[PDB]
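One structure below.
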Amino acid sequence: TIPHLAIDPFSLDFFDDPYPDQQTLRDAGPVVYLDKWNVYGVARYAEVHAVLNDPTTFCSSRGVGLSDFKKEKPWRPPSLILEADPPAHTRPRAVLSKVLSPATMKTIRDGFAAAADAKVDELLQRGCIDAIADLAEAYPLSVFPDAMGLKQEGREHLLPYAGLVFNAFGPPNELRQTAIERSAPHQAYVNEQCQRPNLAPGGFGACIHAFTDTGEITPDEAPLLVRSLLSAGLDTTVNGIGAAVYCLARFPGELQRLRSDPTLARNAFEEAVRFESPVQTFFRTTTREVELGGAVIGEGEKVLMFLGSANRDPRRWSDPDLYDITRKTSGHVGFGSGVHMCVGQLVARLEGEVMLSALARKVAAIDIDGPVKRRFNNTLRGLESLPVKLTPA
Ligand code: HEM
Ligand SMILES: O=C(O)c1ccc(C2CC2)cc1
Ligand SMILES: [Cl-]
Numbered sequence: 293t294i295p296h297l298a299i300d301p302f303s304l305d306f307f308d309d310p311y312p313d314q315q316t317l318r319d320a321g322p323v324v325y326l327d328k329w330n331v332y333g334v335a336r337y338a339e340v341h342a343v344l345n346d347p348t349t350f351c352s353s354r355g356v357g358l359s360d361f362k363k364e365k366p367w368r369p370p371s372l373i374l375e376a377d378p379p380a381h382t383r384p385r386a387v388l389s390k391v392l393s394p395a396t397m398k399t400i401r402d403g404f405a406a407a408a409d410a411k412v413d414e415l416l417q418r419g420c421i422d423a424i425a426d427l428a429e430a431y432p433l434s435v436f437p438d439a440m441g442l443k444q445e446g447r448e449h450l451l452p453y454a455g456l457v458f459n460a461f462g463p464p465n466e467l468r469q470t471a472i473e474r475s476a477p478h479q480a481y482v483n484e485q486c487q488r489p490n491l492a493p494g495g496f497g498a499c500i501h502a503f504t505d506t507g508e509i510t511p512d513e514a515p516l517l518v519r520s521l522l523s524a525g526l527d528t529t530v531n532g533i534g535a536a537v538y539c540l541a542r543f544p545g546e547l548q549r550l551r552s553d554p555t556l557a558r559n560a561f562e563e564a565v566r567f568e569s570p571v572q573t574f575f576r577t578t579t580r581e582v583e584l585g586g587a588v589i590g591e592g593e594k595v596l597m598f599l600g601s602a603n604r605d606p607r608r609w610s611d612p613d614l615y616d617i618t619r620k621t622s623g624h625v626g627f628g629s630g631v632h633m634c635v636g637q638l639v640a641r642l643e644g645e646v647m648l649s650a651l652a653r654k655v656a657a658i659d660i661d662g663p664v665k666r667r668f669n670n671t672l673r674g675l676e677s678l679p680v681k682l683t684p685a
């Protein structure tokens with residue numbers, strides 16, 4: 293009853309151009325079986341949304357990668373939020389929600405905006421830049437480690453560690469194995485900075501530790517929640533901003549609409565998150581036998597959700613393959629949906645908004661003017677190098 297497919301959604305050929313295979317995955321049926329990895333997959337919007345919003349059956353505490361924590365040791369101690377179910381999930385989630393709250397955004401907005409403006413002006417002086425190293429990576433590196441309250445020393449480990457985290461959600465392919473092998477120095481660096489003495493007062497890290505006073509988290513929980521921010525909080529924004537710039541480079545008409553109304557910056561970023569879906573995939577594990585898409589899935593089965601596919605499903609989206617900065621983007625699943633929906637979404641959107649605002653006000657044209665290279669990661673979609681010429685407004 294369930295179609296079996298041989299598509300490897302973690303192969304380099306798939307990362308290189310996922311969209312035809314994602315259609316094949318959607319059109320095969322509401323639920324497929326991926327023989328390459330012995331997992332179920334859901335690629336249409338409806339089922340992906342349903343699974344995300346059914347946490348008691350499609351759980352996270354057995355891992356949101358391919359590995360089942362009931363069967364194998366996690367490569368690092370489980371995340372107290374990503375890899376937890378309610379009720380255990382709830383108070384750590386509440387702490388990060390408060391640390392990354394609307395109120396907190398007021399404290400960092402001016403500096404985040406100023407750094408974005410300054411960066412775009414700097415790049416305009418250079419003219420021909422790499423929109424990944426010089427913009428998508430450089431801008432988040434210039435604000436987020438500081439906002440965390442990290443010391444200067446060791447920050448070169450941040451992106452490698454994130455690359456590892458996101459590769460490690462994948463199957464045990466070469467990408468994952470190469471990432472985990474000799475990763476100890478990255479792990480040691482991150483784990484050390486999660487300890488309270490190493491985090492600057494006023495920053496997100498210190499604020500997490502401050503919540504141990506309230507009874508919401510214990511002191512021994514705080515370093516793991518700092519670890520969550522150091523795992524998710526940088527590389528995501530790199531690929532989100534890179535996605536947006538790549539979109540604006542490919543859709544000059546939309547750059548021009550953005551220029552004409554910079555207040556479209558926030559939605560132009562949201563649309564980029566839908567369109568590229570920097571976080572492509574997550575898994576759940578069934579806690580019980582369950583019928584999904586007329587398919588009966590046993591207990592303890594891994595279910596692969598194709599977030600990017602869901603965000604391009606023509607059943608849900610008009611012209612899914614068009615980048616439209618005035619699209620009603622609400623309901624996209626690029627930040628997830630339900631109890632685990634991205635708790636750092638205000639930080640992500642703030643960064644994206646203020647960079648796209650700076651571009652909107654300062655740049656007339658973005659032209660790809662060198663070889664484009666894709667960055668391969670089991671979970672993250674994005675580019676390694678994006679040479680562009682920036683024309684000033
Ligand atoms: C464009 C940028 C980002 C994207 C696309 C993204 C994507 C996602 C997605 C899809 C989830 C849901 C996970 C699931 O359902 O299993 C999620 C959760 C999460 N994200 Fe974001 N994220 C981004 C930025 C950030 C930032 C900037 C931070 C921190 C400063 C962050 C921290 C987290 C954390 C801690 C969770 C787990 C929340 C929970 O389990 O309740 N992410 N993110
Ligand atoms: O808690 C964590 O360590 C964690 C790691 C990666 C993510 C991805 C979704 C952005 C989220 C949380
Ligand atoms: Cl670690």
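Each residue of the sequence shown is one higher than the last, beginning at 293 in the working numbering. Think of the CB as a built atom: it goes at the ideal place given N, C-alpha and C, for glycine as much as any other residue.
- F361 sits in coil when the DSSP states are folded into three classes, being neither helix nor strand.
- Separation of the CB atoms of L388 and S520 is rounded to 7 Å, and the pair is thereby assigned contact status at 8 Å.
- In the structure shown, the three-state DSSP call for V639 is helix.
- Around the C-beta of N330, fewer than 16 other C-beta atoms lie within 10 Å, and the residue is accordingly described as exposed.
- The beta carbon of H624 sits closer than 6 Å to those of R566, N603, all from its chain and outside the five residues before and after it, given in chain order.
- In the DSSP assignment, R468 falls within the unbroken alpha helix (DSSP H) covering 466 to 472.
- If only uninterrupted alpha helix (DSSP H) runs of at least 4 residues are considered, those enclosed by the region 480 to 559 are 496 to 502, 514 to 524, 527 to 542, 544 to 552.
- Beta-bridge annotation (DSSP): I658 is paired with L682.
- According to the DSSP secondary-structure assignment, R666 is paired through a beta bridge with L675.
- Of the residues assessed, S569 falls on the buried side of the cut-off, its CB having 16 or more other CB atoms within 10 angstroms.
- The beta carbon of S520 sits closer than 6 Å to at least one heavy atom of ligand 1.
- A direct Cα-to-Cα measurement between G357 and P378 gives close to 18 Å.
- Closest option to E593, judged by alpha-carbon separation, among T578, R607, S601: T578.
- Cβ-Cβ distances below 6 Å link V639 to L392 in the same chain, with the five nearest sequence neighbours on each side left out; the list follows chain order.
- With a contact defined as Cβ atoms closer than 8 Å, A502 and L491 miss out at about 10 Å.
- Your pair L317 and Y538 does not check out as a contact, with CB atoms roughly 23 Å apart and the cut at 8 Å.
- If you look at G333, you'll find it in the beta strand (DSSP E) that goes 331 to 334.
- In this structure, the straight-line span from the alpha carbon of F627 to that of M633 is close to 6 Å.
- For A587, DSSP records a beta bridge to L584.
- Under the three-state reduction of DSSP output, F574 falls in the strand class.
- Each of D327, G333, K328, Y311 was checked against the Cα of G321, and the nearest Cα belongs to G333.
- Under a 10 Å Cβ-count criterion, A536 is classified as buried, with 16 or more other Cβ atoms of the shown protein chains found around its own Cβ.
- Cβ-Cβ distances below 8 Å link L642 to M397, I400, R401, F404 in the same chain, with the five nearest sequence neighbours on each side left out; the list follows chain order.
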